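Below is one structure, written out as structure tokens, with a few remarks after it.
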Ligand SMILES: CCCCCCCCCCCCCCCC(=O)O
Ligand SMILES: *C(=O)CCCCCCCCCCCCC
Ligand SMILES: *C(=O)CCCCCCCCCCCCC
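Protein chains in written order, with my numbering: chain F, 1 to 68; chain P, 69 to 136; chain L, 137 to 424; chain E, 425 to 461; chain B, 462 to 577; chain C, 578 to 844; chain V, 845 to 1111.
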């Protein structure tokens, strides 16, 4: 029950028949029934900051006057 | 997610139903998400030395006079 | 599932082709090094050759293979003394660099720029120093990476060793040498082995002291420090320890080849010292 | 057997687009922080 | 701008990328990146400090090699008020990152400690 | 057929043209012609200044003189061009800059003269200092001579004035002024002006650095080192002299981070 | 709908931005936006220099002060920008140049102040001299004040020192400093800063001349004249003052005939 995922490669070795290029993957297998035992996957999501940067009721159009 | 590659065999044991001959491969599995954690693959490329040995603007034809 | 594997480093070099006598206007042997080019000859250009199937390869002189070794870059000393000592418990602080030793430094300096992931391996040894029979229990060491800007420890036991964010290794004496990897962490697109410049422009309108800085220095290479301590509390018999740090540059690329260092190193720049400038020995021109 | 793997944490941030001179009623620079934005 | 509604004025907000004498006069500040702010019903004004840097990332400590340059504010005309109006007033400034901003190499902060 | 030749070249950049009738081909360092910064490698986001013909043109520096006692000369780039027309102005008005170069070294003589100059272009040409009590101490002013360049010496002479140290380079010729043997300088892009063969050297240099763009005022990307590999001689004269002239054109230069002008302390 | 307005503008050129919240629209002189010189109208054949963002950006000149006694101010272009950053350098390094401009005059006050400034852009703004014994005698130095500009006067005062004549302009305000009535200056591109209505004037000026390109150092293409059509007043104060600031950006400037830099006699 292996999970195979890709690595985001930073420094690439001089190689494209083994390392740097042809997508380098890594493998994870969970050994425990409790998910709290799992390592962190770090495959995380981002979001728009608007709930903090623009919490105003009427939409902000930046080219327009904020007050109108 | 195993990578299987071939070895370049130097000394061959007296065997061709197991070692020396029928291409000997080896296996790599990456255990970490960070590619910096990976071993080196050593599957590396070579290049022509010309950018150092012949950096001249007009092509060198060795049988010809270099100065003409 | 299973992945299975254009001139590669382990390919055989070119065969020698058979070539016979020659008499013509083709002149491979004559050349002009003023152009800046090296004459690309092979033996069949100037002697008769037989056919040879070449099997040798340049596999061991690829950049990766030339550098595929851990090299010692520093020795850090720490101790764990009695609590009754007038002297403070020694913890070590080392500014990370490959320039405190000479062998790896000389190899990297065949090039102007490089990119690599860094593998650090740590060998730890300890000994008693006072001719006493007292004993000590197995030590644990904390190796903390303190990146530029983070608080450097001032005492072996102050709050900085909490390491909530710095990475630390807790190494247990007598186990396999510790080891970590680090990515290419440079603030540039490649590490600079040589920087012909300054970190400050001195301005006319400013005092000379205010515009001054060291030649060839820049934060291009400030990587922070390693701080190391014996975690165990003070013991009645003093033990001293050494942490040897080994650096292997893996997944490496390099650019712009240079003549290698030919006289002894003298500080972290290219400076040289009087009395060390004579690398060549005596040999007469017509003596084999 | 083997499982194989929307803005993620490791995605590249947005590109800078080329932009030229401007003269108009569009006023991005003026704003009002009283709004809370 | 937190003066009264009757107060007017134009100010010049400037960013000078590093390497020259830091601006102490409007004449020099005006040669770098800048916004001339006209005070009025839109109460506030934003100057963007575009990422202009030699290195691909800067250090989070004072460091000359990765220095970032100079921010300054000048009077462009002057604050003008009618009679019966406060002649002195405050402005407040705010800073925030743009959507192209990132950080890396996690480290401890010097902003908290625990002595003994 | 038409008589075109390796030895006879014309170079034209901006409003300037160079001709030569005794060239030995020309070098493009590391095989890379100069280029503007690609969008995929870009870093400052402001619209760059690109002076084009105003700065990408041949500038001739002050001529020097080669004699039997000359040990060699060095210059740094962009430093040697810092006071050259609009290239110099664009350099000092901007925080950042990048530039490639065509370097043309000129030295003619006669069929009865002999001698050979190695002309080397070195990326990050860090030079050794004059001190045996402090390292990396050469001052900004002494590290940056501008167009007059500096010279190599055959003897290391440590500065012993610790009260007011000279803080300058002491570049020994057979150690390439940097602690490595001069015989190996040929791994750098180069040509040789050997007087019986040719009267000039031409090196086209791409911008080289570990960054896409950087501070030109703080950092020199290239050094030019000229050393006599074979000494000047002539007929049976004891003191021959022949001039050496440098002419350099910036190529594909672009600049970012415009502000007030930098006014550096140079003396 | 979104609230866009005539009165509220943002102008961005190079690394510089102007905002205004009390504009009275803006003027494009003779309906012609600035432009680079077309090939069909070209004349010097050398490849021109086009500095683009290095010079086409807002430069702010020294601020002046408007009082009840002010008779008016004048500046000439390109002269007022001759010492402005890379625009000034490109101007002096080249024989020829052409440029258009965005001129933004700034003057705010309060709802209790009053007064009105006529801001006129005049092609070939030739001004009258101070002499009644010699004509066309104003010197180059006095005709070209640079960024400080000059002023109008309400009284003609002939220079009577024939030993060492002052050789300057004596520009009378109601005669537009040139012998024609000021009430007719409105046939030139203009705006009025009337303090109850607006706090700025914006004039976009095309390059105008009887030639495609010319000597910027010899010839000013445009004059900017600012005169109080209605005098400054405030509450019941006898000596009110409010500042006037000029900010000008060159647009589409291009230059030909590069050589060593012009070093003019300006005093
Ligand atoms: C717990 C261990 C942490 C180890 C932290 C490693 C920190 C980065 C070190 C960078 C090494 C750079 C080597 C090349 C230096 C150069 O530019 O000359
Ligand atoms: C998916 O899990 C099937 C593939 C199995 C691959 C080998 C498993 C390696 C050993 C895991 C042992 C069990 C852990 C508790
Ligand atoms: C590809 O990875 C699928 C085949 C899995 C073969 C067995 C894996 C062996 C154990 C790897 C454990 C996970 C490492 C973090």
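Ideal Cβ placement from N, Cα and C applies to all residues, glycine included.
May I ask you to check if the CB of residue 357 (chain L) is nearer than 8 Å to at least one heavy atom of ligand 1?
-> Under cutoff, so the answer is yes.
Length of the line joining the Cα atoms of residue 835 (chain C) and residue 484 (chain B) = Rounded to whole angstroms, residue 835 (chain C) to residue 484 (chain B) spans 13 Å at the Cα level.
Backbone secondary structure at residue 282 (chain L) - three-state DSSP | When DSSP states are grouped into helix, strand and coil, residue 282 (chain L) belongs to the strand group.
Less than 8 Å between the CB of residue 97 (chain P) and some heavy atom of ligand 3, yes or no?
-> True, at least one ligand heavy atom lies under 8 Å from that Cβ.
Residue 713 (chain C) versus residue 353 (chain L) - alpha carbon distance | Cα-Cα distance, rounded: 8 Å.
Since residue 471 (chain B) sits in a beta bridge, which residues does DSSP pair it with?
-> Residue 471 (chain B) is bridged to B:499.
Backbone secondary structure at residue 688 (chain C) - three-state DSSP = The DSSP-derived three-state label of residue 688 (chain C) is coil.
Does DSSP put residue 870 (chain V) in a helix, a strand or coil?
-> Coil at residue 870 (chain V), not helix or strand.
Tell me whether residue 72 (chain P) counts as near ligand 3, meaning its Cβ is closer than 8 Å to at least one heavy atom of that ligand.
-> Because no heavy atom of ligand 3 lies under 8 Å away, the Cβ of residue 72 (chain P) does not count as near it: no.
Is there at least one non-hydrogen atom of ligand 1 closer than 8 Å to the beta-carbon of residue 254 (chain L)?
-> Flag set: Cβ of residue 254 (chain L) near ligand 1.
Selection from V:1109, V:1107, V:1088 that minimises the alpha carbon distance to residue 470 (chain B) = Closest by alpha carbon: V:1088.
How long is the line joining the alpha carbons of residue 562 (chain B) and residue 829 (chain C), rounded to whole angstroms?
-> Rounded to whole angstroms, residue 562 (chain B) to residue 829 (chain C) spans 29 Å at the Cα level.
Should residue 660 (chain C) and residue 618 (chain C) be called a contact, given that it needs their Cβ atoms to be closer than 9 Å?
-> When the beta-carbon positions are compared, residue 660 (chain C) and residue 618 (chain C) stay at least 9 Å from each other.
Span of the beta strand (DSSP E) holding residue 588 (chain C)?
-> Residues 586 to 590.
Beta-carbon of residue 942 (chain V) versus every beta-carbon of chain C: anything under 9 Å?
-> No, no contact with chain C.
Taking only beta carbons into account, state which residues of the region 430 to 446 of chain E come closer than 9 Å to chain F, listed in chain order.
-> Residues of the region 430 to 446 of chain E that bring their beta carbon within less than 9 Å of a beta carbon in chain F comprise 430, 431, 432, 433, 434, 435, in sequence order.
Spell out a yes or no on whether the region 314 to 327 of chain L and the region 2 to 20 of chain F are touching, meaning 3 or more CB-CB pairs, one atom from each, closer than 8 Å.
-> The region 314 to 327 of chain L is in contact with the region 2 to 20 of chain F.
Check the DSSP bridge columns for residue 378 (chain L) and list the partner residues they point to.
-> Note: residue 378 (chain L) sits in a beta bridge opposite L:213, L:261.
Which one of L:170, L:200, L:226 has the shortest CA to CA distance from residue 146 (chain L)?
-> Of the candidates L:170, L:200, L:226, the one whose C-alpha sits nearest the C-alpha of residue 146 (chain L) is L:200.
Check whether the Cβ of residue 69 (chain P) lies closer than 8 Å to any heavy atom of ligand 2, and answer yes or no.
-> Of the heavy atoms belonging to ligand 2, none sits nearer than 8 Å to the Cβ of residue 69 (chain P).
Proximity to residue 963 (chain V) [Cα-Cα], best of V:1019, V:1025, V:1038 = Residue 963 (chain V) has its Cα closest to that of V:1038, out of V:1019, V:1025, V:1038.
Assumed close pair residue 216 (chain L), residue 275 (chain L) - CB separation to whole angstroms, cut-off 8 Å = Going by Cβ atoms, the distance from residue 216 (chain L) to residue 275 (chain L) rounds to 7 Å, so yes, they are a contact pair.
What does a CB cutoff of less than 7 Å around residue 827 (chain C) pick up in its chain, not counting 5 residues either side in sequence?
-> Counting only Cβ-Cβ distances below 7 Å, and skipping sequence neighbours, we find 632, 633, 658, 664, 676, 678.
Quick one, which of B:569, B:508, B:500, B:480 has its alpha-carbon nearest residue 555 (chain B)'s?
-> Distances from the CA of residue 555 (chain B) to each of B:569, B:508, B:500, B:480 were compared; the closest alpha carbon is that of B:508.
Alpha-carbon spacing of residue 655 (chain C) relative to residue 784 (chain C), whole angstroms = In this structure, the CA atom of residue 655 (chain C) is about 10 Å from the CA atom of residue 784 (chain C).
Is the closest heavy atom of ligand 1 to the C-beta of residue 280 (chain L) under 8 Å?
-> Result yes, Cβ under 8 Å from ligand 1.
Nearest CA to the CA of residue 688 (chain C): which residue from C:788, C:736, C:599, C:589?
-> Nearest of C:788, C:736, C:599, C:589 to residue 688 (chain C), Cα basis: C:599.
Contact with chain E by residue 5 (chain F), beta-carbon distance below 9 Å | Chain E contact via Cβ: present.
Is the region 535 to 545 of chain B in contact with the region 335 to 350 of chain L, if contact means three or more CB pairs nearer than 8 Å?
-> As far as the Cβ criterion goes, the region 535 to 545 of chain B does not touch the region 335 to 350 of chain L, which means the pair count is below three.
Would the C-beta of residue 32 (chain F) count as close to ligand 2, meaning under 8 Å from any of its heavy atoms?
-> Yes, ligand 2 has a heavy atom inside 8 Å of this Cβ.
Name, please, each residue of chain C whose Cβ falls closer than 9 Å to the Cβ of residue 936 (chain V).
-> For residue 936 (chain V), none of the residues of chain C pass the 9 Å Cβ criterion, the least Cβ distance being about 10 Å.
Any heavy atom of ligand 2 within a distance shorter than 8 Å of the CB on residue 138 (chain L)?
-> Residue 138 (chain L) Cβ: outside cutoff for every heavy atom of ligand 2.
If you compare alpha carbons, which of L:332, L:294, L:149 is closest to residue 191 (chain L)?
-> Taking only the C-alpha atoms, the option nearest residue 191 (chain L) is L:149.
Going by DSSP, what residues sit across from residue 422 (chain L) in a beta bridge?
-> Beta bridge pairing from DSSP links residue 422 (chain L) with no other residue.
With 9 Å set as the bound, which would you pick, yes or no: does the beta-carbon of residue 82 (chain P) sit closer than that to a beta-carbon of chain F?
-> With 9 Å as the cut-off, residue 82 (chain P) does not count as an interface residue toward chain F.
Please go through the same chain and pick out, in chain order, the residues whose beta-carbon is closer than 8 Å to the beta-carbon of residue 70 (chain P), but skip the five residues on each side of it.
-> These residues qualify, in order along the chain: 95, 96, 97.
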